[PDB]
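Enquirer: please work out how this folds:
(chains A, B, C, D and E)
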Amino acid sequence: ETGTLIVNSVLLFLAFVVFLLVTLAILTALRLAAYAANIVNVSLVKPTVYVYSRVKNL
Amino acid sequence: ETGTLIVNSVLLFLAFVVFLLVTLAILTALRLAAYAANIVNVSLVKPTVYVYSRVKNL
Amino acid sequence: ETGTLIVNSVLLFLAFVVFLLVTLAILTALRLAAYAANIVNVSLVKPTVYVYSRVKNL
Amino acid sequence: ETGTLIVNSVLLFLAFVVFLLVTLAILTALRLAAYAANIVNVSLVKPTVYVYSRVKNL
Amino acid sequence: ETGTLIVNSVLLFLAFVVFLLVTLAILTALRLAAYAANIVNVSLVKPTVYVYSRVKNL
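Expert: Numbers count the residues shown, from 1 in each chain, chains lettered A, B, ... in the order given. Structure as follows:
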């Protein structure tokens, strides 16, 4: 808190970790956790360039 | 507030207990709170290992 | 602001009254405000015990 | 920010104007923007009394 | 922060750029990122007039 504003993005990461429990309860309830597994194992090789389309706007 | 940056998570914990009133309103409206009840009673024994899948990221 | 830490929940309560315009905009667009009406008149008599399952966690 | 605690509701209004892009992309994707058009023109004359059911709770 | 309250909207823009990772995980999960791709390249030429419907409300 001593001249550190980056703590504001830290609390935002905590809101993304709990939203993972709600979002996971849906795909698992519909029976498709077998197709979502590979997504959590990091599959950002082709659609990973989506981060570059974010740098243009800001 | 004297050198305590850990208060940035106390406000986030208050943002989780409030979404509980929203998400519960959905599962109760679909008539399935009888199955979600046992989940609020702490059923983290088998899928509890999901916490270790977050320690590898940070 | 003389030691009034309990004001952190006041801003959270104001972020809850506004979110009511979002959820209402959804159920009203699906034509079911006739069933949600009685809910606004406070129907917490039977499912009101859901607050006790929150005191155990904290 | 000189004693103005009403700025906490200003940032909440900014999260609503952007949520309009999300909700509109749903009614427009399903092809029914012709029925939603008259809603943005403000048709709060009969169901406008819904703001009175909020004064009783708070 | 010296007489600048315009910083309250800067933290809101940080909450939209992070929400892009969630919503993007939805359209990509349903396999339709090929149609949403032309949307990030800015296609506001015809539905761009939607910002005029916000000037009337406020």
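Enquirer: what about the residue nearest to the spatial centre of chain A, distance to chain D?
Expert: Central residue of chain A (CA atoms, centre = their mean): residue A:16, 6.7 Å from the mean position. Separation of residue A:16 from chain D (CB to the nearest CB, to the nearest Å): 16 Å. All C-beta spots, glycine's among them, are computed from the backbone N, C-alpha and C.
Enquirer: who touches that residue in this structure?
Expert: By CB atoms under 8 Å, 6 or more residues apart in numbering or on different chains, residue A:16 lies in contact with E:18, E:21, E:22.
Enquirer: which of the three states applies to the second one?
Expert: Three-state call for residue E:21 (DSSP: H, G, I helix; E, B strand; the rest coil): helix.
Enquirer: please name the nearest non-neighbouring residue to it.
Expert: Closest residue to residue E:21 apart from its sequence neighbours, by CB to CB, 6 or more residues apart in numbering or on different chains: residue A:16 at 7.9 Å.
Enquirer: can you check residue A:18 too?
Expert: Nearest one to residue A:18, counting by CB to CB, 6+ apart, is residue B:16 at 5.8 Å.
Enquirer: so how many other residues sit close to residue A:19?
Expert: 14 (other CB atoms under 10 Å in any protein chain shown).
Enquirer: if I pick the closest residue to it other than its chain neighbours, what's in contact with it?
Expert: Nearest residue to residue A:19 in three dimensions, chain neighbours excluded: residue E:22, at 7.2 Å (CB to CB, 6+ apart). Residues in contact with residue E:22 (CB under 8 Å, 6+ apart) are A:16, A:19, A:23.
Enquirer: residues in contact with stretch A:33-50?
Expert: By CB under 8 Å, 6+ apart, stretch A:33-50 touches A:24, A:27, A:28, B:53, E:24, E:25, E:28, E:29, E:33.
Enquirer: excluding chain neighbours, give the residue nearest to residue A:12 in space.
Expert: Spatial nearest neighbour of residue A:12, excluding adjacent residues (CB to CB, 6+ apart): residue E:18 at 5.9 Å.
Enquirer: please apply the same query to residue A:28.
Expert: Distances taken as CB to CB, 6+ apart put residue A:36 closest to residue A:28, at 7.9 Å, once the chain neighbours are dropped.
Enquirer: can you give me the helices for chain A?
Expert: Assigned by DSSP state H, the helices in chain A fall at A:7-29, A:33-40, A:52-55.
Enquirer: got the buried residues for the longest one?
Expert: This means helix A:7-29. A:11, A:12 (16 or more other CB atoms under 10 Å in any protein chain shown).
Enquirer: now the angle from it to helix E:20-27?
Expert: Counting by axes from the mean of the first three to the mean of the last three CA atoms, to 10 degrees, helix A:7-29 points 20 degrees away from the direction of helix E:20-27.
Enquirer: ok, back up a step: how close does the residue nearest to residue A:19 sit to residue E:7?
Expert: 25 Å (CB to CB, to the nearest Å).
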